[PDB]
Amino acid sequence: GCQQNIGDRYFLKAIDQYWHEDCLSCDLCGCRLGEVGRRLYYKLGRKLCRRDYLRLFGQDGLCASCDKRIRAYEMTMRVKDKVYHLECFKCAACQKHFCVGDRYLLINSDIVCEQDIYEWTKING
């Protein structure tokens, strides 16, 4: 970076170069890459944070529920081949959002919570 040796208790090593805590910054926004995430992105000769990397080079997808696009930086729920906007990952019956460890069934592209599988299938199929 500043091309000067640090002389402190803690320093960083990235892209076969040594850096300060303050010197290893994202080339686009200037955020401290060490405090923000344990990894940096290296594209077109630039050291980039995840956000700027994904906004610029990320791959978008299609939501299995709403059929609208999902931008690369959007939070998602991956289930087998399918991908959902986090807000679309909800039970088709009760419209309830889930918790880690909860049980749901995947029918086609429908997410139906466990409690609801019976009544939903009874009504819909």
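Throughout, we count residues from 1 along the sequence that is shown.
As the entry records it, the average C-alpha temperature factor is higher for 15 to 23, out of 98 to 106 and 15 to 23. Relative to one another, 4 to 12 and 115 to 123 have unequal mean CA B-factors, and 4 to 12 is the one with the higher figure.
Residues shown: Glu35, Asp52, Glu74, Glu87. Highest C-alpha temperature factor in the entry: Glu35. When the modelled residues of the chain are ordered by C-alpha B-factor, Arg78 sits in the lowest third.
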